[PDB]
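In the block that follows, a single chain appears as C-alpha cells, in the form solved without guanosine-5'-triphosphate.
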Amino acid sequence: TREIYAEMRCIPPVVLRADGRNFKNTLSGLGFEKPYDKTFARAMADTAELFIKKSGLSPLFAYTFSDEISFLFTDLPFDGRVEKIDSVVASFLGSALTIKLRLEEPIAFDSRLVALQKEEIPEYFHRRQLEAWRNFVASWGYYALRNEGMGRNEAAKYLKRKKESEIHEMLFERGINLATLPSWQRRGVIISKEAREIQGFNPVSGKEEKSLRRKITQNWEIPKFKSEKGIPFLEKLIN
C-alpha cells in the first residue's frame, strides 16, 4: 500500500468546489473583454452544464461566478473516494472549459470537497454568494484604478484599505454605478436539470404529443439566497 490517500473517503452531502488556477495569467493576452467578458461567463456556465450532462456523475445543481464552480452532491460518485472525485471532476472541467473557449494553451482547475451536514447547505451557498458580491466590487474597483494609470500592486494595497461605500465613491467618480450592472455579475449563475410542460408534434410521427421531456437550464437572474424570494428558491433546488 503505497497509494495511501486512495482509500480516503467522504460521506454525503458534499459540495465540490472547483476554482480556476491563476486564470488572470493563463488567460491573459487572449483578448477577453475587461473586467467582465460575457463570452467567458457563458463558457463557465456551459462547462457546468456539460459536466451535468456528460460526466456520468450526478450533481443536483451547479453554482458559478468568476472562476469557480460549486457542485452539490447527494449521490456520491466513485464511492466517495476523495482523490478520485477531486482529480476527475477538476479534469473534466479543465477539458470542457478548454473546448468551450477553444484554448490553445492549457489551463487548470483545483478542486476541494466541502464536508457539510444537510441543514448547513443553504448557508454554504450564502457564503459563496457573499464572495460573489465581494469579487464583483473588487473586479470593477481594480478595473477603474488601472484605467486611472494605477499600478498592479498599488491598486491591490488600495483595495484592501478602503471600504465598500468608499470604493463605491471612487467607482462613481469614474462614471461607474454598480446598481446598473447585470444581476449575474454580482449574484452568479445556477445550472440545474429541470422538467417543464411540453406540448408538440412528434419529430417522426408527427402527431401532437404532451410526452414531457428533461432539460438542463441556466438561470442568469437568480435571487439573493439569503432573502425573502431566495430562501424557497434554494430549498427547492436542494429539496
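In this text, residue numbers run from 1 along the sequence as written.
Form deposited with guanosine-5'-triphosphate bound: not shown, discussed below.
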Item to check | Partner-facing stretch of 186-194, 64-72, 48-56, 167-175, counted where any non-hydrogen atom is within 4.5 angstroms of guanosine-5'-triphosphate in the entry with it bound | outcome: 64-72
Next on the checklist: Quick check on residue 229: any heavy atom within 4.5 Å of guanosine-5'-triphosphate in the entry with it bound?
Outcome noted: no
Checklist entry - in the entry with it bound, does residue 21 have a heavy atom within 4.5 Å of guanosine-5'-triphosphate? => result yes
Checklist entry - Is there a heavy atom of residue 27 lying 4.5 Å or less from a heavy atom of guanosine-5'-triphosphate in the entry with it bound? => result yes
Checklist entry - Even though guanosine-5'-triphosphate is not shown here, does residue 214 get within 4.5 Å of it in the entry with it bound, heavy atoms only? => result no
Item to check | Heavy atom within 4.5 Å of guanosine-5'-triphosphate in the entry with it bound - qualifying residues of 23-38 | outcome: 23, 24, 27, 32, 33, 34, 35, 36, 37
